[PDB]
$ cat input.cif   # mmCIF, C-alpha atoms and all ligand atoms; chains and numbers go by the auth columns
data_run
loop_
_atom_site.group_PDB
_atom_site.id
_atom_site.type_symbol
_atom_site.label_atom_id
_atom_site.label_comp_id
_atom_site.label_asym_id
_atom_site.label_seq_id
_atom_site.Cartn_x
_atom_site.Cartn_y
_atom_site.Cartn_z
_atom_site.B_iso_or_equiv
_atom_site.auth_seq_id
_atom_site.auth_asym_id
ATOM 1 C CA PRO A 1 -9.993 -34.043 -9.098 0.00 1 A
ATOM 2 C CA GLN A 2 -6.483 -32.777 -8.349 0.00 2 A
ATOM 3 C CA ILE A 3 -5.823 -29.024 -8.785 0.00 3 A
ATOM 4 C CA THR A 4 -2.627 -26.966 -8.575 0.00 4 A
ATOM 5 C CA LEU A 5 -2.635 -23.483 -6.993 0.00 5 A
ATOM 6 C CA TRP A 6 -1.224 -21.207 -9.762 0.00 6 A
ATOM 7 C CA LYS A 7 -4.851 -19.968 -10.118 0.00 7 A
ATOM 8 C CA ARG A 8 -7.506 -19.485 -7.426 0.00 8 A
ATOM 9 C CA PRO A 9 -9.158 -22.881 -6.710 0.00 9 A
ATOM 10 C CA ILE A 10 -12.650 -21.933 -7.899 0.00 10 A
ATOM 11 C CA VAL A 11 -15.406 -24.596 -8.264 0.00 11 A
ATOM 12 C CA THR A 12 -19.084 -24.518 -9.277 0.00 12 A
ATOM 13 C CA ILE A 13 -21.713 -24.873 -6.535 0.00 13 A
ATOM 14 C CA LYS A 14 -25.452 -25.407 -6.651 0.00 14 A
ATOM 15 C CA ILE A 15 -27.390 -24.352 -3.547 0.00 15 A
ATOM 16 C CA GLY A 16 -31.098 -23.675 -3.132 0.00 16 A
ATOM 17 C CA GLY A 17 -31.466 -24.136 -6.937 0.00 17 A
ATOM 18 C CA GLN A 18 -28.953 -21.231 -7.498 0.00 18 A
ATOM 19 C CA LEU A 19 -25.644 -21.759 -9.418 0.00 19 A
ATOM 20 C CA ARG A 20 -22.581 -19.907 -8.173 0.00 20 A
ATOM 21 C CA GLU A 21 -18.788 -20.131 -8.018 0.00 21 A
ATOM 22 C CA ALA A 22 -16.808 -20.415 -4.793 0.00 22 A
ATOM 23 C CA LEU A 23 -13.171 -20.737 -3.689 0.00 23 A
ATOM 24 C CA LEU A 24 -12.038 -24.079 -2.024 0.00 24 A
ATOM 25 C CA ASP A 25 -10.509 -22.393 1.026 0.00 25 A
ATOM 26 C CA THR A 26 -8.359 -24.449 3.447 0.00 26 A
ATOM 27 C CA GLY A 27 -7.906 -21.299 5.613 0.00 27 A
ATOM 28 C CA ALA A 28 -11.716 -21.161 6.235 0.00 28 A
ATOM 29 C CA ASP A 29 -13.220 -23.256 9.070 0.00 29 A
ATOM 30 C CA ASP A 30 -16.791 -22.457 7.813 0.00 30 A
ATOM 31 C CA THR A 31 -18.445 -21.853 4.420 0.00 31 A
ATOM 32 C CA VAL A 32 -19.457 -18.215 3.651 0.00 32 A
ATOM 33 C CA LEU A 33 -21.573 -17.230 0.584 0.00 33 A
ATOM 34 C CA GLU A 34 -22.827 -13.711 -0.310 0.00 34 A
ATOM 35 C CA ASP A 35 -25.194 -13.919 -3.280 0.00 35 A
ATOM 36 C CA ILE A 36 -27.837 -16.552 -2.025 0.00 36 A
ATOM 37 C CA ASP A 37 -31.527 -17.014 -0.938 0.00 37 A
ATOM 38 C CA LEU A 38 -32.091 -19.829 1.592 0.00 38 A
ATOM 39 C CA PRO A 39 -35.489 -20.832 3.020 0.00 39 A
ATOM 40 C CA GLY A 40 -36.403 -21.031 6.718 0.00 40 A
ATOM 41 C CA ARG A 41 -34.941 -20.112 10.118 0.00 41 A
ATOM 42 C CA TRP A 42 -31.328 -18.967 10.780 0.00 42 A
ATOM 43 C CA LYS A 43 -29.160 -17.780 13.759 0.00 43 A
ATOM 44 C CA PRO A 44 -27.206 -14.496 13.923 0.00 44 A
ATOM 45 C CA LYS A 45 -23.416 -15.142 13.897 0.00 45 A
ATOM 46 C CA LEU A 46 -20.368 -12.837 13.973 0.00 46 A
ATOM 47 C CA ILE A 47 -17.249 -14.207 12.158 0.00 47 A
ATOM 48 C CA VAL A 48 -13.736 -12.605 12.155 0.00 48 A
ATOM 49 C CA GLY A 49 -11.504 -12.166 9.018 0.00 49 A
ATOM 50 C CA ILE A 50 -8.515 -10.007 7.898 0.00 50 A
ATOM 51 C CA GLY A 51 -9.605 -6.364 8.445 0.00 51 A
ATOM 52 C CA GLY A 52 -12.261 -7.205 11.082 0.00 52 A
ATOM 53 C CA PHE A 53 -15.664 -8.954 11.429 0.00 53 A
ATOM 54 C CA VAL A 54 -18.970 -9.368 9.516 0.00 54 A
ATOM 55 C CA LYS A 55 -22.493 -10.280 10.685 0.00 55 A
ATOM 56 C CA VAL A 56 -23.745 -13.407 8.809 0.00 56 A
ATOM 57 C CA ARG A 57 -26.846 -15.640 8.863 0.00 57 A
ATOM 58 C CA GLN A 58 -26.102 -19.217 9.965 0.00 58 A
ATOM 59 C CA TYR A 59 -28.271 -21.736 8.020 0.00 59 A
ATOM 60 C CA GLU A 60 -28.040 -25.359 9.197 0.00 60 A
ATOM 61 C CA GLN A 61 -28.363 -28.659 7.275 0.00 61 A
ATOM 62 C CA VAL A 62 -28.401 -26.823 3.895 0.00 62 A
ATOM 63 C CA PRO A 63 -28.107 -29.103 0.863 0.00 63 A
ATOM 64 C CA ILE A 64 -25.242 -27.935 -1.460 0.00 64 A
ATOM 65 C CA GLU A 65 -23.495 -29.479 -4.529 0.00 65 A
ATOM 66 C CA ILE A 66 -19.737 -28.671 -4.798 0.00 66 A
ATOM 67 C CA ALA A 67 -18.119 -29.726 -8.119 0.00 67 A
ATOM 68 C CA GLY A 68 -20.896 -32.413 -8.439 0.00 68 A
ATOM 69 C CA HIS A 69 -20.766 -33.732 -4.796 0.00 69 A
ATOM 70 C CA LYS A 70 -24.021 -33.444 -2.817 0.00 70 A
ATOM 71 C CA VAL A 71 -23.316 -32.637 0.876 0.00 71 A
ATOM 72 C CA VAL A 72 -25.507 -31.149 3.665 0.00 72 A
ATOM 73 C CA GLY A 73 -23.970 -28.725 6.132 0.00 73 A
ATOM 74 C CA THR A 74 -23.893 -25.336 7.700 0.00 74 A
ATOM 75 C CA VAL A 75 -23.715 -22.335 5.360 0.00 75 A
ATOM 76 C CA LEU A 76 -23.096 -18.779 6.512 0.00 76 A
ATOM 77 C CA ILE A 77 -24.727 -16.055 4.347 0.00 77 A
ATOM 78 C CA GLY A 78 -23.229 -12.563 4.506 0.00 78 A
ATOM 79 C CA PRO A 79 -20.853 -10.017 2.974 0.00 79 A
ATOM 80 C CA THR A 80 -17.691 -11.720 1.723 0.00 80 A
ATOM 81 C CA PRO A 81 -15.449 -10.478 -1.114 0.00 81 A
ATOM 82 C CA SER A 82 -15.431 -14.081 -2.440 0.00 82 A
ATOM 83 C CA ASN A 83 -17.715 -17.039 -1.882 0.00 83 A
ATOM 84 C CA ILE A 84 -15.634 -19.545 0.172 0.00 84 A
ATOM 85 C CA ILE A 85 -16.112 -23.278 0.806 0.00 85 A
ATOM 86 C CA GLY A 86 -14.644 -24.039 4.250 0.00 86 A
ATOM 87 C CA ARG A 87 -13.249 -27.185 5.859 0.00 87 A
ATOM 88 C CA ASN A 88 -16.777 -27.957 7.278 0.00 88 A
ATOM 89 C CA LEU A 89 -17.786 -28.967 3.680 0.00 89 A
ATOM 90 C CA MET A 90 -14.370 -29.917 2.202 0.00 90 A
ATOM 91 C CA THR A 91 -14.018 -32.706 4.843 0.00 91 A
ATOM 92 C CA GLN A 92 -17.260 -34.164 3.422 0.00 92 A
ATOM 93 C CA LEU A 93 -15.437 -34.317 -0.023 0.00 93 A
ATOM 94 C CA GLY A 94 -12.428 -36.113 1.600 0.00 94 A
ATOM 95 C CA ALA A 95 -10.298 -33.166 0.420 0.00 95 A
ATOM 96 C CA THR A 96 -6.525 -33.217 1.130 0.00 96 A
ATOM 97 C CA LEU A 97 -3.574 -30.821 0.687 0.00 97 A
ATOM 98 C CA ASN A 98 -0.450 -32.458 -0.783 0.00 98 A
ATOM 99 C CA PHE A 99 3.119 -31.116 -0.969 0.00 99 A
ATOM 100 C CA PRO B 1 3.188 -34.671 3.076 0.00 1 B
ATOM 101 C CA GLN B 2 -0.541 -35.206 2.631 0.00 2 B
ATOM 102 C CA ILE B 3 -2.955 -33.682 5.195 0.00 3 B
ATOM 103 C CA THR B 4 -6.699 -33.973 5.684 0.00 4 B
ATOM 104 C CA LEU B 5 -8.806 -30.944 6.700 0.00 5 B
ATOM 105 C CA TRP B 6 -10.586 -32.100 9.918 0.00 6 B
ATOM 106 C CA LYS B 7 -8.074 -29.763 11.676 0.00 7 B
ATOM 107 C CA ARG B 8 -6.731 -26.382 10.532 0.00 8 B
ATOM 108 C CA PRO B 9 -3.769 -27.037 8.190 0.00 9 B
ATOM 109 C CA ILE B 10 -1.096 -25.478 10.430 0.00 10 B
ATOM 110 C CA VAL B 11 2.644 -25.795 9.563 0.00 11 B
ATOM 111 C CA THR B 12 5.877 -24.500 11.126 0.00 12 B
ATOM 112 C CA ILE B 13 7.682 -21.620 9.387 0.00 13 B
ATOM 113 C CA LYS B 14 11.104 -20.111 9.883 0.00 14 B
ATOM 114 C CA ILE B 15 11.548 -16.532 8.640 0.00 15 B
ATOM 115 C CA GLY B 16 14.180 -13.928 9.534 0.00 16 B
ATOM 116 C CA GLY B 17 15.504 -16.407 12.160 0.00 17 B
ATOM 117 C CA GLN B 18 12.032 -16.348 13.842 0.00 18 B
ATOM 118 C CA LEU B 19 9.968 -19.544 14.284 0.00 19 B
ATOM 119 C CA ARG B 20 6.160 -19.315 13.912 0.00 20 B
ATOM 120 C CA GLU B 21 3.098 -21.330 12.885 0.00 21 B
ATOM 121 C CA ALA B 22 0.926 -20.477 9.881 0.00 22 B
ATOM 122 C CA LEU B 23 -2.143 -21.813 8.031 0.00 23 B
ATOM 123 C CA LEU B 24 -1.697 -23.311 4.530 0.00 24 B
ATOM 124 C CA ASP B 25 -4.464 -21.189 2.977 0.00 25 B
ATOM 125 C CA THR B 26 -5.710 -21.981 -0.549 0.00 26 B
ATOM 126 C CA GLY B 27 -8.143 -19.014 -0.287 0.00 27 B
ATOM 127 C CA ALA B 28 -5.152 -16.593 0.109 0.00 28 B
ATOM 128 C CA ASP B 29 -3.429 -15.254 -3.026 0.00 29 B
ATOM 129 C CA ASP B 30 -0.606 -13.745 -0.870 0.00 30 B
ATOM 130 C CA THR B 31 1.147 -14.670 2.416 0.00 31 B
ATOM 131 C CA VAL B 32 0.283 -12.523 5.496 0.00 32 B
ATOM 132 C CA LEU B 33 2.140 -12.786 8.873 0.00 33 B
ATOM 133 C CA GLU B 34 1.645 -10.654 12.010 0.00 34 B
ATOM 134 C CA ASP B 35 4.213 -11.549 14.621 0.00 35 B
ATOM 135 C CA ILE B 36 7.529 -10.813 12.581 0.00 36 B
ATOM 136 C CA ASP B 37 10.601 -8.472 12.164 0.00 37 B
ATOM 137 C CA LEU B 38 12.065 -8.260 8.615 0.00 38 B
ATOM 138 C CA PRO B 39 15.080 -6.157 7.560 0.00 39 B
ATOM 139 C CA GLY B 40 15.223 -3.418 4.897 0.00 40 B
ATOM 140 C CA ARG B 41 12.833 -1.557 2.566 0.00 41 B
ATOM 141 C CA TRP B 42 9.098 -2.340 2.122 0.00 42 B
ATOM 142 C CA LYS B 43 6.018 -0.903 0.278 0.00 43 B
ATOM 143 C CA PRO B 44 2.642 0.159 1.725 0.00 44 B
ATOM 144 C CA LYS B 45 -0.138 -2.233 0.552 0.00 45 B
ATOM 145 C CA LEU B 46 -3.878 -2.411 1.349 0.00 46 B
ATOM 146 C CA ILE B 47 -5.437 -5.958 1.236 0.00 47 B
ATOM 147 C CA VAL B 48 -9.181 -6.882 1.605 0.00 48 B
ATOM 148 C CA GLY B 49 -10.572 -9.752 3.780 0.00 49 B
ATOM 149 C CA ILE B 50 -13.959 -10.704 5.264 0.00 50 B
ATOM 150 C CA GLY B 51 -14.901 -7.691 7.449 0.00 51 B
ATOM 151 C CA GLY B 52 -12.936 -5.160 5.316 0.00 52 B
ATOM 152 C CA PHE B 53 -9.245 -4.250 4.751 0.00 53 B
ATOM 153 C CA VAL B 54 -5.857 -3.931 6.550 0.00 54 B
ATOM 154 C CA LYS B 55 -2.729 -1.861 5.769 0.00 55 B
ATOM 155 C CA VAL B 56 0.270 -4.262 5.519 0.00 56 B
ATOM 156 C CA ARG B 57 3.999 -3.938 4.721 0.00 57 B
ATOM 157 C CA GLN B 58 5.027 -5.693 1.492 0.00 58 B
ATOM 158 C CA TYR B 59 8.525 -7.254 1.813 0.00 59 B
ATOM 159 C CA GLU B 60 9.924 -8.708 -1.421 0.00 60 B
ATOM 160 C CA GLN B 61 12.311 -11.643 -1.970 0.00 61 B
ATOM 161 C CA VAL B 62 12.081 -12.759 1.691 0.00 62 B
ATOM 162 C CA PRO B 63 13.658 -16.132 2.484 0.00 63 B
ATOM 163 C CA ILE B 64 11.134 -18.390 4.363 0.00 64 B
ATOM 164 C CA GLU B 65 11.129 -22.113 5.368 0.00 65 B
ATOM 165 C CA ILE B 66 7.648 -23.762 5.277 0.00 66 B
ATOM 166 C CA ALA B 67 7.579 -27.302 6.806 0.00 67 B
ATOM 167 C CA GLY B 68 11.296 -27.693 5.820 0.00 68 B
ATOM 168 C CA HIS B 69 11.105 -26.186 2.259 0.00 69 B
ATOM 169 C CA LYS B 70 13.273 -23.082 1.679 0.00 70 B
ATOM 170 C CA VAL B 71 11.508 -20.648 -0.718 0.00 71 B
ATOM 171 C CA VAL B 72 11.958 -16.912 -1.444 0.00 72 B
ATOM 172 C CA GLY B 73 8.931 -14.739 -2.128 0.00 73 B
ATOM 173 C CA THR B 74 6.809 -11.838 -1.138 0.00 74 B
ATOM 174 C CA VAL B 75 5.601 -11.627 2.460 0.00 75 B
ATOM 175 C CA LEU B 76 3.007 -9.163 3.722 0.00 76 B
ATOM 176 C CA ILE B 77 3.403 -8.114 7.394 0.00 77 B
ATOM 177 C CA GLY B 78 0.344 -6.752 9.205 0.00 78 B
ATOM 178 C CA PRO B 79 -2.614 -7.474 11.492 0.00 79 B
ATOM 179 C CA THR B 80 -4.147 -10.863 10.684 0.00 80 B
ATOM 180 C CA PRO B 81 -6.002 -13.044 13.218 0.00 81 B
ATOM 181 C CA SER B 82 -3.971 -16.031 11.820 0.00 82 B
ATOM 182 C CA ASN B 83 -0.645 -16.202 10.024 0.00 83 B
ATOM 183 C CA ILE B 84 -1.517 -17.471 6.484 0.00 84 B
ATOM 184 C CA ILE B 85 0.684 -18.964 3.747 0.00 85 B
ATOM 185 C CA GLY B 86 -0.848 -17.984 0.379 0.00 86 B
ATOM 186 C CA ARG B 87 -0.710 -19.518 -3.092 0.00 87 B
ATOM 187 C CA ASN B 88 2.322 -17.258 -3.915 0.00 88 B
ATOM 188 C CA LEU B 89 4.426 -19.604 -1.667 0.00 89 B
ATOM 189 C CA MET B 90 2.367 -22.844 -1.867 0.00 90 B
ATOM 190 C CA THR B 91 2.970 -22.971 -5.683 0.00 91 B
ATOM 191 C CA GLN B 92 6.722 -23.052 -4.854 0.00 92 B
ATOM 192 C CA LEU B 93 6.023 -26.267 -2.736 0.00 93 B
ATOM 193 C CA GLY B 94 4.098 -27.877 -5.684 0.00 94 B
ATOM 194 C CA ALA B 95 1.031 -27.974 -3.388 0.00 95 B
ATOM 195 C CA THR B 96 -2.235 -29.478 -4.734 0.00 96 B
ATOM 196 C CA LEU B 97 -5.830 -29.887 -3.499 0.00 97 B
ATOM 197 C CA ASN B 98 -7.277 -33.369 -4.079 0.00 98 B
ATOM 198 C CA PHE B 99 -10.883 -34.595 -3.791 0.00 99 B
HETATM 199 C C1 LIG C . -7.680 -15.048 6.821 0.00 101 C
HETATM 200 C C2 LIG C . -8.005 -16.491 7.165 0.00 101 C
HETATM 201 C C3 LIG C . -7.363 -16.953 8.459 0.00 101 C
HETATM 202 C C4 LIG C . -9.496 -16.669 7.302 0.00 101 C
HETATM 203 N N1 LIG C . -10.202 -16.372 6.062 0.00 101 C
HETATM 204 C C5 LIG C . -10.051 -17.312 4.940 0.00 101 C
HETATM 205 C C6 LIG C . -9.030 -16.853 3.917 0.00 101 C
HETATM 206 O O1 LIG C . -8.781 -17.945 3.012 0.00 101 C
HETATM 207 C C7 LIG C . -9.456 -15.641 3.078 0.00 101 C
HETATM 208 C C8 LIG C . -10.520 -15.986 2.021 0.00 101 C
HETATM 209 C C9 LIG C . -10.894 -14.764 1.227 0.00 101 C
HETATM 210 C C10 LIG C . -10.522 -14.624 -0.099 0.00 101 C
HETATM 211 C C11 LIG C . -10.800 -13.450 -0.760 0.00 101 C
HETATM 212 F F1 LIG C . -10.471 -13.331 -2.079 0.00 101 C
HETATM 213 C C12 LIG C . -11.423 -12.389 -0.159 0.00 101 C
HETATM 214 C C13 LIG C . -11.742 -12.547 1.163 0.00 101 C
HETATM 215 F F2 LIG C . -12.359 -11.530 1.810 0.00 101 C
HETATM 216 C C14 LIG C . -11.482 -13.694 1.874 0.00 101 C
HETATM 217 N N2 LIG C . -8.297 -15.057 2.412 0.00 101 C
HETATM 218 C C15 LIG C . -7.981 -13.773 2.531 0.00 101 C
HETATM 219 O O2 LIG C . -8.535 -12.944 3.218 0.00 101 C
HETATM 220 O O3 LIG C . -6.934 -13.487 1.720 0.00 101 C
HETATM 221 C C16 LIG C . -6.684 -12.076 1.585 0.00 101 C
HETATM 222 C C17 LIG C . -5.201 -11.764 1.752 0.00 101 C
HETATM 223 C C18 LIG C . -4.330 -12.825 1.110 0.00 101 C
HETATM 224 O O4 LIG C . -3.941 -12.451 -0.208 0.00 101 C
HETATM 225 C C19 LIG C . -4.971 -11.909 -0.992 0.00 101 C
HETATM 226 O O5 LIG C . -5.851 -12.981 -1.338 0.00 101 C
HETATM 227 C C20 LIG C . -7.188 -12.656 -0.910 0.00 101 C
HETATM 228 C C21 LIG C . -7.040 -11.606 0.177 0.00 101 C
HETATM 229 C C22 LIG C . -5.806 -10.810 -0.295 0.00 101 C
HETATM 230 C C23 LIG C . -5.149 -10.424 1.024 0.00 101 C
HETATM 231 S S1 LIG C . -11.626 -15.647 6.294 0.00 101 C
HETATM 232 O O6 LIG C . -12.176 -15.366 5.015 0.00 101 C
HETATM 233 O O7 LIG C . -11.331 -14.589 7.203 0.00 101 C
HETATM 234 C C24 LIG C . -12.667 -16.801 7.158 0.00 101 C
HETATM 235 C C25 LIG C . -13.457 -17.696 6.439 0.00 101 C
HETATM 236 C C26 LIG C . -14.273 -18.593 7.085 0.00 101 C
HETATM 237 C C27 LIG C . -14.289 -18.610 8.478 0.00 101 C
HETATM 238 N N3 LIG C . -15.033 -19.484 9.268 0.00 101 C
HETATM 239 C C28 LIG C . -14.786 -19.277 10.543 0.00 101 C
HETATM 240 N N4 LIG C . -15.314 -20.037 11.525 0.00 101 C
HETATM 241 C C29 LIG C . -15.795 -19.474 12.773 0.00 101 C
HETATM 242 C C30 LIG C . -14.786 -18.945 13.728 0.00 101 C
HETATM 243 C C31 LIG C . -15.497 -20.220 14.026 0.00 101 C
HETATM 244 S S2 LIG C . -13.681 -17.962 10.911 0.00 101 C
HETATM 245 C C32 LIG C . -13.470 -17.728 9.196 0.00 101 C
HETATM 246 C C33 LIG C . -12.674 -16.806 8.542 0.00 101 C
HETATM 247 CL CL CL C . -6.655 -32.906 9.721 0.00 102 C
#
$ encode --input "input.cif" --output "structure tokens"
Amino acid sequence: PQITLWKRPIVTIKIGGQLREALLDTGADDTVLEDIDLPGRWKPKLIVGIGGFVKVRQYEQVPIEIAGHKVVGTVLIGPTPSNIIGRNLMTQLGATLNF
Amino acid sequence: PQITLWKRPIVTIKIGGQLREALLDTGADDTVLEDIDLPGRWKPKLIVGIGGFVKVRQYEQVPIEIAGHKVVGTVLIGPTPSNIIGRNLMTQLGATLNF
């Protein structure tokens, strides 16, 4: 799909059998989700945003569906005001910005 | 132009006669720049990112050139780890996400 930016670019995701919404975020290198259970091992990671840092769990090779597209990639789980899909997963969709 | 997302989507801006780089940031409602002098009156504003909040200066009806395109809009000045162009200005470029 093509979307304009008058509204927040929010898409449906399915991850670990959980349905959520998340923002397609070209300003995010990595994908950060708050509200999710993932199985198995993870690595501590500190990430830096506007207004400081948060501690997240890095989960690797997580299967995730973004607006119908199945991809596998790194997901960070931790406090974020908004679930965000980063460039790590949007590149797997072949996503582009046009102006 | 069209750009892919394997790299950060960085563009050149000109604002208040000052040249800078900034991220085209679909996850940002508003535009936030750190390294800038703007003339005249402004309003206190608190904005929330990953890792918390920052106090910014809201400047209204600021002229800004983004990859060649002259627009006028609201600019927030304050601490951000990366200059970000938000949807408030990307809608003026007719920017779209495609996948
Ligand atoms: C600031 C950017 C440069 C980085 N961020 C992405 C932005 O898109 C956020 C998204 C977001 C939207 C929200 F709704 C709420 C939020 F908390 C966050 N936008 C934002 O904060 O916008 C602000 C301001 C703009 O206007 C308004 O709109 C919303 C608010 C408000 C004020 S990030 O989240 O810090 C980020 C993400 C992944 C990541 N991966 C990394 N990789 C590792 C280092 C190797 S570093 C890294 C950093
Ligand atoms: Cl690129």
$ interface_residues --input "input.cif" --of "chain A" --to "chain B" --cutoff "7 Å" --atoms "all atoms listed in the file" --output "VMD selection string"
chain A and resid 1 to 6 23 to 27 48 to 54 80 to 81 87 91 93 to 99
$ write_last_selection --input "input.cif" --atoms "C-alpha atoms" --output "compact mmCIF listing (two decimals), in the frame of the given file"
# COMPACT_ATOMS: atom_id res chain seq x y z
CA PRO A 1 -9.99 -34.04 -9.10
CA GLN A 2 -6.48 -32.78 -8.35
CA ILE A 3 -5.82 -29.02 -8.78
CA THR A 4 -2.63 -26.97 -8.57
CA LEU A 5 -2.64 -23.48 -6.99
CA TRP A 6 -1.22 -21.21 -9.76
CA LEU A 23 -13.17 -20.74 -3.69
CA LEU A 24 -12.04 -24.08 -2.02
CA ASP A 25 -10.51 -22.39 1.03
CA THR A 26 -8.36 -24.45 3.45
CA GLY A 27 -7.91 -21.30 5.61
CA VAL A 48 -13.74 -12.60 12.16
CA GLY A 49 -11.50 -12.17 9.02
CA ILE A 50 -8.52 -10.01 7.90
CA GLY A 51 -9.60 -6.36 8.44
CA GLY A 52 -12.26 -7.20 11.08
CA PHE A 53 -15.66 -8.95 11.43
CA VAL A 54 -18.97 -9.37 9.52
CA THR A 80 -17.69 -11.72 1.72
CA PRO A 81 -15.45 -10.48 -1.11
CA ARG A 87 -13.25 -27.18 5.86
CA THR A 91 -14.02 -32.71 4.84
CA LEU A 93 -15.44 -34.32 -0.02
CA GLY A 94 -12.43 -36.11 1.60
CA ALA A 95 -10.30 -33.17 0.42
CA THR A 96 -6.52 -33.22 1.13
CA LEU A 97 -3.57 -30.82 0.69
CA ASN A 98 -0.45 -32.46 -0.78
CA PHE A 99 3.12 -31.12 -0.97
$ axis_aligned_box --input "input.cif" --around "ligand LIG 101 (chain C)" --padding-each-side "6 Å" --output "JSON"
{"center_x": -9.9, "center_y": -15.3, "center_z": 6.0, "size_x": 23.9, "size_y": 21.8, "size_z": 28.1}
$ atom_distance --input "input.cif" --atom1 "CA of residue 38 in chain A" --atom2 "atom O6 of ligand LIG 101 (chain C)"
20.7 Å
$ closest_residue --input "input.cif" --among "B:21, B:60, B:30, B:37" --to "ligand LIG 101 (chain C)" --atoms "only C-alpha atoms and all ligand atoms"
B:30
$ atom_distance --input "input.cif" --atom1 "atom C31 of ligand LIG 101 (chain C)" --atom2 "CA of residue 18 in chain B"
27.8 Å
$ atom_distance --input "input.cif" --atom1 "CA of residue 59 in chain B" --atom2 "CA of residue 44 in chain B"
9.5 Å
$ residues_near_point --input "input.cif" --point "(-26.9, -32.7, 6.1)" --cutoff "8 Å" --atoms "all atoms listed in the file" --output "ChimeraX atom specification"
/A:61-63,71-73
$ residues_around --input "input.cif" --residues "residue 64 in chain B" --least-positions-apart "5" --cutoff "6 Å" --atoms "all atoms listed in the file" --output "JSON, numbers by chain"
{"B": [14, 15, 70, 71]}
$ resolve_selection --input "input.cif" --expression "the PyMOL selection byres (((chain B and resi 77) around 6) and not hetatm)" --output "list in words"
residues 32, 33, 34, 56, 57, 76 and 78 of chain B
$ closest_residue --input "input.cif" --among "A:75, A:19, A:36, A:13" --to "ligand LIG 101 (chain C)" --atoms "only C-alpha atoms and all ligand atoms"
A:75
$ closest_residue --input "input.cif" --among "B:58, B:31, B:74, B:12" --to "ligand LIG 101 (chain C)" --atoms "all atoms listed in the file"
B:31
$ closest_residue --input "input.cif" --among "B:16, B:45, B:68, B:39" --to "ligand LIG 101 (chain C)" --atoms "only C-alpha atoms and all ligand atoms"
B:45
